[PDB]
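Going down the list, the sequences are from chains B and A. Each residue of the first sequence is one higher than the last, beginning at 1 in the authors' numbering. Each residue of the second sequence is one higher than the last, beginning at 94 in the authors' numbering. Each residue gets a CB set at the ideal place from its N, CA and C atoms; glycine is no exception. Some notes on the structure that comes next.
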Amino acid sequence: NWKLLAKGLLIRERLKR
Amino acid sequence: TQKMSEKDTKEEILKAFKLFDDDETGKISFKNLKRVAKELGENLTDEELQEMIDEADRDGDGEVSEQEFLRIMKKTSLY
């Protein structure tokens with residue numbers, strides 16, 4: 001899915017913990 | 094009238110579409126999706142992500158625009 005890979009590449013700054 | 098700015102969330106999701114373009118050109122292939130999403134790890138396989146490039150470039154031109162990482166991230170179609 002391009003929605004699941006859009007959160008996966010929404011990574012642009014960082015992630016967290 | 095104060096002045097409402099449109100720039101912070103627009104430069105966040107378009108800045109990530111700039112992570113797609115390694116040589117800086119504005120349109121991409123299969124490996125750019127996987128590559129910068131590869132830095133994280135990614136839940137999907139390369140077979141599921143090849144089905145995605147065939148879905149959105151239906152006609153088969155070559156490379157995708159700002160509207161695919163931006164336009165699939167924004168609009169969620171309900172079932």
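Using 9 Å as the limit for Cβ to Cβ distance, is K16(B) near chain A?
-> Taking the first residue of the first sequence as position 1, residue 16(B) is located at position 16. No, its Cβ sits nowhere closer than 9 Å to a Cβ of chain A.
Going by DSSP, which residues form a beta bridge with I121(A)? The sequence position of residue 121(A) within the second sequence is 28, counting from 1. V157(A), per the DSSP bridge assignment.
Check your understanding: Hey, is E132(A)'s beta-carbon within less than 9 Å of any beta-carbon in chain B?
Key -> Mapped onto the second sequence, residue 132(A) falls at position 39. Chain B contact via Cβ: present.
| message | 9 Å is my cut-off, CB to CB: does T169(A) come that close to chain B? | response | Taking the second sequence and counting its residues from 1, the one referred to as residue 169(A) is at position 76. Yes, contact with chain B.
**Report entry** Presumed contact (8 Å Cβ cut-off) between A109(A) and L10(B), rounded CB distance
**Finding:** Locating residue 109(A) in the second sequence gives position 16, counting from the first residue. Locating residue 10(B) in the first sequence gives position 10, counting from the first residue. So it is a contact: roughly 6 Å between Cβ atoms.
Problem - Contact check, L133(A) vs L4(B), beta carbons under 9 Å - result: One-based indexing of the second sequence puts residue 133(A) at position 40. One-based indexing of the first sequence puts residue 4(B) at position 4. No, the pair does not count as a contact, with Cβ atoms beyond the cut-off.
Point to revise | Given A6(B) as reference, the closest of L163(A), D115(A), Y172(A) once Cα atoms are compared | key: Stepping through the first sequence from its first residue, residue 6(B) is reached at position 6. When each option's Cα is compared against that of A6(B), the closest is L163(A).
For this session: Quick one: using the 10 Å Cβ neighbour count with 16 as the cut-off for buried, is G153(A) buried or exposed?
Result: The sequence position of residue 153(A) within the second sequence is 60, counting from 1. With fewer than 16 other Cβ atoms within 10 Å, it is exposed.
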